[PDB]
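To start, the structure itself, in structure tokens.
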Amino acid sequence: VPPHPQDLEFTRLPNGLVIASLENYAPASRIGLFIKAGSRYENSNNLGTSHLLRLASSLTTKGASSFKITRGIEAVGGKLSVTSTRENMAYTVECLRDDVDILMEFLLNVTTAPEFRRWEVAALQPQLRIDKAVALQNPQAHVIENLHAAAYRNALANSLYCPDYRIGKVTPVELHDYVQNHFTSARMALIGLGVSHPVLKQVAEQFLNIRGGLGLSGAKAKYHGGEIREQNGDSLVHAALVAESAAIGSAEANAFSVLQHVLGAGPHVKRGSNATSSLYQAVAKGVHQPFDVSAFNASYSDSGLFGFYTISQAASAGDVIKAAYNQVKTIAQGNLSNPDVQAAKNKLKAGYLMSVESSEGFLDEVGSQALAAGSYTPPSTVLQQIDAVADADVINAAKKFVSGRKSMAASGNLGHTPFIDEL
Amino acid sequence: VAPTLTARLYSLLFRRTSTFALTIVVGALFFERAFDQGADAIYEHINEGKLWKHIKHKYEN
Amino acid sequence: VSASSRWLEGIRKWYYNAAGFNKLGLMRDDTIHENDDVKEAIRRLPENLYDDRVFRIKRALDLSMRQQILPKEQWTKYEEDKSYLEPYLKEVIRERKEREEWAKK
Amino acid sequence: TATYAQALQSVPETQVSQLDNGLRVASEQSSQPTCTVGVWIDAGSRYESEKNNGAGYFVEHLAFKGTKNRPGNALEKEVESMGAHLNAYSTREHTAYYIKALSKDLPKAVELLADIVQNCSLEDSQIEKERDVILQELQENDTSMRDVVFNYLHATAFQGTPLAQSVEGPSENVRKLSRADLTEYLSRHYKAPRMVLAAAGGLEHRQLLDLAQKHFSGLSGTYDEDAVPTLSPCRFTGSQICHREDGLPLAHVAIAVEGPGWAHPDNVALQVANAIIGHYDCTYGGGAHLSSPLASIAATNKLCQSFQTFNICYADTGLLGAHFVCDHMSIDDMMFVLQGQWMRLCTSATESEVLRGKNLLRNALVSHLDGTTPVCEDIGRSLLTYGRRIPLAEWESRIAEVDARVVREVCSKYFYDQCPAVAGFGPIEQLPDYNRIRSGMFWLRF
Amino acid sequence: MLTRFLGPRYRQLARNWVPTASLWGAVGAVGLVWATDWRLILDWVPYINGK
């Protein structure tokens, strides 16, 4: 018979900073500072700076030294961690509730007091090599990196990981300048779980009144289309094929969201045939060995990519891809049942509600909601918007993929991987 | 008593390398007595009248 | 502001000239004993200060070998003597003393 | 605002009920719009025999591939089409099938889990299909050096006992194991006293019972009486297994002394001491300044790529130690530092670090119980292993008791001058001789 | 220059190694007693006064 829940409390400061909290009466507290400072904001003279920056979150600040951050936090069983997408960095901190004071102070020192000392920074540059190395051992990491590199000319083309040529080359000035240009008020959102909105607001009005980089979530990402191919010998060919979709927020973007679930995202049932996955079922009909297909759906402030991601043996690469692509084409031609669309809706809705279940997850939603929307938008109203999707819009979503200048990335033994050109 | 005694030894005396060393040192003093006793007395018994320790009573004061 | 603190200064300038590292183009911070705290602060020196430091010492050990001394012109003027290491050294000890307080609790 | 103390009291009573069965049916209500339901069976692989072995795994593989009421393909169809997530795992002691679903779907969620856990239509067709799949898994599992070494450490420490067995079993069993074998395991082990319906999220307990009675009606109803046995105790050896393969680029070692297992109050205190040693990974932010003296020296002297402390529990026993991964010329230095850590903590645990470990443990605990799935798994498992759910406040109490003495004591009891089990894999020339490892298990100065 | 070593932890850690250090002088003296046959002390010990 638990607490009747508190509501989220959400506040836009006139400098354009956004504060949201929830008092769940939890033994732990989570705090995120969500900045519009993701990798799309690097230019061709400073690629990688945000990745070094991602790593630099326990270097010395003005009145909290490197040693103290580590020991101070670890002393309370705290965590401090920093997560980038192509759009955002998200500096989030976690501990027991009695300890928000010590953790908040560390957090603000990192995001607003970075000293970036020559010798600390130099000591850190090998870590981009390790960090990249670890991440780039999922074939997908490369693919989705090249996929973006091929789609866009600019901005979303930039990689989440530092170019090898810049390893050892990103400077303290470049770091300093990145914070100044990007970690301002208009660009930030301070979100807190198991903290109270008065405190958050005080912290924000005291410490996060920063401004004087730039305005715009905006170079504006120029979609261009193309293909990047990488000969591996990995025996399994990974490949993703994609057209320009819809910017996150817009109604059209939910059409794609639902179309993703028609064609089919991940598995639901451990070691299942994925009876409900159209892409899986269409590819299986042709293809008699190990494969995977899933609908791919990325969505950004000012663009997005839709299509699908295949893994096949080298020789089947094309057979898989052509099977997959047809199966989309078949929805564009209008072969789509209403209970199919209904199923994908229950899949999406449940997946959403599922996604926000845990503190880590909820905080992330709210953080990004704040930066992309300038709002909070409750489940009740997200599902409403999901329900609002017409059968026709989903067809049209698929129409758009089929007819639209394409982007491809694939790596493996590419000898029987097609060429766009050839699809 | 006849099984769980190597145990009792180990807990009290052998776990700690201090009490281990203390045991060997305390144990060695008691052994040096009992050995230089016993063995000298074994060496006595195998001669019994060859040695000035037994003759002693002959030529008095 | 003061006659007397110009005198403590005159005593200091004496001892400086008297020490006579100047005489071999050295600066006070060239002469410091290398311990761990010092060693790290040399690590922390920017490229130029480091390269200048190695040259000063190289020039001096050369003179010291040949038992000579600079032209008086080329000696290091007391006023012209920059404690280029000081702030680094201080920051190092500062960081060490923190680690030392943390080790106490 | 709420203190953390206050904040622990706020977390609700895990409600427990018993069916006319053996089947316990347990729930934590929260205001979630979403739930995790499922079945924790007290089947595992400690429970199997040499001929049996890898049955439960073959069952797990069969479990979602179609019932008497819902043939082959169609269970999938129902779960997927309602946006729910069906899932399973087996351990050496525990089998669990669970669904993540919408809360409004807890009816058909339970309906399904019931059908799964009784009416498994183990079609001959499928048991055949499954055998190739399960073999492939064995081939790919051979590549996870970590998965291997923990199987080896189990294989050597428990050397003789059913606990020494893998969960998948040997190649040969998988190929020979028949439908008869499987139904025999099924009918022995999937009885109501040895299983818990567990749920967490947006539900009343009353509905959970109504559904327990409805769909778990008569499992051990007229059953039970004949040839249910209790688990045998498992002999720990302490012993070494070294599988040397210089074709592999890094070494995995996993060292352990014998644990007390699930029930024992000592778990709390050991977990603290463990927390103090902690874990490392070469992607860890900020290296030299880490609290843990292992992890610090590891990072500064590039002594490895990863480590992790552990305490695996079984009934009445368990494996307590650490595992790491490193270069061929690190295996010794890494061994030295880990061992000297254990001993420092045995002899001279200071007051301060123990408060750190205590906090680290509290933070692990609250953070672990985040959302329907973890909490459900912890409901289900706990009832198997403690016969209760132990409330978070109780853990805080149990944690708060521990200090430096409680560490040096409980460490010395488990670690000091004890034969470890060692398992080692890959380029392991420099893995210390067993005598020398065992010498590391005590200080001469003490 | 030993100011470093004065704090709560250090006193905990000394207090930890005290029963051990106690016994190590017990080892060391009794060994010296036995090795020199110290006469003065050993007269006190029953059995061992062999005279």
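By order in the structure tokens, chains are A, B, ...; within a chain, residues start at 1; ligands start at 1, following the order shown.
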Requested in this report: Quick one: everything within 10 Å of residue A:68, counting only C-alpha atoms, minus sequence neighbours fewer than 6 positions away in the same chain. Send it as a ChimeraX atom specification.
Outcome: /A:58-61,74-75,106 /C:95,98-99,102 /D:289-290
Export, as a PDB file, in the first residue's frame, the selected residues with N, CA, C and O atoms.
```pdb
ATOM      1  N   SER A  58      37.179  13.558 -13.947  1.00  0.00           N
ATOM      2  CA  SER A  58      37.798  13.478 -12.614  1.00  0.00           C
ATOM      3  C   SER A  58      39.185  14.088 -12.556  1.00  0.00           C
ATOM      4  O   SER A  58      39.899  13.862 -11.581  1.00  0.00           O
ATOM      5  N   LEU A  59      39.572  14.818 -13.604  1.00  0.00           N
ATOM      6  CA  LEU A  59      40.656  15.792 -13.527  1.00  0.00           C
ATOM      7  C   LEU A  59      40.384  16.950 -12.554  1.00  0.00           C
ATOM      8  O   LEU A  59      39.220  17.246 -12.287  1.00  0.00           O
ATOM      9  N   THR A  60      41.442  17.589 -12.035  1.00  0.00           N
ATOM     10  CA  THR A  60      41.319  18.681 -11.042  1.00  0.00           C
ATOM     11  C   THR A  60      40.432  19.841 -11.505  1.00  0.00           C
ATOM     12  O   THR A  60      40.553  20.332 -12.618  1.00  0.00           O
ATOM     13  N   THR A  61      39.538  20.258 -10.622  1.00  0.00           N
ATOM     14  CA  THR A  61      38.755  21.475 -10.799  1.00  0.00           C
ATOM     15  C   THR A  61      39.230  22.549  -9.811  1.00  0.00           C
ATOM     16  O   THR A  61      39.917  22.240  -8.825  1.00  0.00           O
ATOM     17  N   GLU A  74      34.080   8.040  -3.699  1.00  0.00           N
ATOM     18  CA  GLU A  74      34.288   6.634  -3.391  1.00  0.00           C
ATOM     19  C   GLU A  74      34.062   6.361  -1.914  1.00  0.00           C
ATOM     20  O   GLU A  74      33.494   5.308  -1.550  1.00  0.00           O
ATOM     21  N   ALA A  75      34.416   7.369  -1.104  1.00  0.00           N
ATOM     22  CA  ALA A  75      34.206   7.379   0.336  1.00  0.00           C
ATOM     23  C   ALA A  75      32.750   7.247   0.726  1.00  0.00           C
ATOM     24  O   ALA A  75      32.463   6.728   1.805  1.00  0.00           O
ATOM     25  N   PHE A 106      30.805  18.253  -6.115  1.00  0.00           N
ATOM     26  CA  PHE A 106      31.692  17.595  -7.076  1.00  0.00           C
ATOM     27  C   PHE A 106      31.202  17.782  -8.495  1.00  0.00           C
ATOM     28  O   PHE A 106      31.967  18.240  -9.337  1.00  0.00           O
TER      29      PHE A 106
ATOM     30  N   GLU C  95      49.307  19.160  -3.224  1.00  0.00           N
ATOM     31  CA  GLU C  95      48.602  17.921  -3.602  1.00  0.00           C
ATOM     32  C   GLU C  95      49.001  16.740  -2.708  1.00  0.00           C
ATOM     33  O   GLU C  95      48.153  15.946  -2.295  1.00  0.00           O
ATOM     34  N   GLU C  98      47.457  16.989   0.838  1.00  0.00           N
ATOM     35  CA  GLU C  98      46.075  16.510   0.753  1.00  0.00           C
ATOM     36  C   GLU C  98      45.985  14.984   0.912  1.00  0.00           C
ATOM     37  O   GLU C  98      45.254  14.484   1.782  1.00  0.00           O
ATOM     38  N   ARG C  99      46.817  14.282   0.137  1.00  0.00           N
ATOM     39  CA  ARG C  99      46.865  12.826   0.125  1.00  0.00           C
ATOM     40  C   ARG C  99      47.237  12.372   1.526  1.00  0.00           C
ATOM     41  O   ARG C  99      46.714  11.365   2.014  1.00  0.00           O
ATOM     42  N   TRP C 102      44.320  12.710   3.948  1.00  0.00           N
ATOM     43  CA  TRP C 102      43.329  11.697   3.626  1.00  0.00           C
ATOM     44  C   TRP C 102      43.789  10.358   4.204  1.00  0.00           C
ATOM     45  O   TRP C 102      43.022   9.662   4.889  1.00  0.00           O
TER      46      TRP C 102
ATOM     47  N   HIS D 289      44.373   7.538  -8.278  1.00  0.00           N
ATOM     48  CA  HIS D 289      43.725   8.064  -7.083  1.00  0.00           C
ATOM     49  C   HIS D 289      42.585   7.231  -6.552  1.00  0.00           C
ATOM     50  O   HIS D 289      41.845   7.713  -5.695  1.00  0.00           O
ATOM     51  N   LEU D 290      42.413   6.014  -7.067  1.00  0.00           N
ATOM     52  CA  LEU D 290      41.376   5.120  -6.553  1.00  0.00           C
ATOM     53  C   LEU D 290      41.629   4.720  -5.107  1.00  0.00           C
ATOM     54  O   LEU D 290      42.761   4.816  -4.627  1.00  0.00           O
TER      55      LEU D 290
END
```
Query raised in the report: residue C:93: which residues within 12 Å, counting only C-alpha atoms, same-chain residues fewer than 6 positions away excluded, as JSON, numbers by chain?
Result: {"C": [35, 36, 37, 38, 39, 40, 41, 86, 87, 99, 100]}
Query - In chain E, DSSP helix (DSSP H, G or I) residues written as a VMD selection string - result: chain E and resid 8 to 16 18 to 36 39 to 42
Requested in this report: Tell me, as a VMD selection string, which residues lie within 12 Å of residue B:19, counting only C-alpha atoms; anything in the same chain fewer than 6 positions away does not count.
Outcome: (chain B and resid 9 to 13 25 to 27) or (chain D and resid 444 to 446) or (chain E and resid 19 to 28)
Restrict the calculation to only C-alpha atoms, then for each residue of chain C with any atom at most 8 Å from an atom of chain E give the closest atom pair and their distance in Å to one decimal, rows by chain and rising residue number, as JSON lines.
```
{"residue": "C:100", "atom": "CA", "partner": "E:4", "partner_atom": "CA", "distance": 6.3}
{"residue": "C:101", "atom": "CA", "partner": "E:4", "partner_atom": "CA", "distance": 7.7}
{"residue": "C:103", "atom": "CA", "partner": "E:9", "partner_atom": "CA", "distance": 7.5}
{"residue": "C:104", "atom": "CA", "partner": "E:7", "partner_atom": "CA", "distance": 4.6}
{"residue": "C:105", "atom": "CA", "partner": "E:9", "partner_atom": "CA", "distance": 5.2}
```
Query raised in the report: Near stretch 12-23 of chain A, counting only C-alpha atoms, which residues have an atom at most 10 Å away, once you skip same-chain residues fewer than 5 positions from it, shown as an NGL selection string?
Result: (:A and (5-7 or 29-34 or 184-201 or 204-205 or 208-211 or 363 or 366-367 or 370-371 or 374-376)) or (:D and (1-2))
**Report entry** Atomic separation - atom CA of residue D:173 relative to atom CA of residue D:232, Å
**Finding:**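 Rounded to one decimal, the two atoms are 22.4 Å apart.
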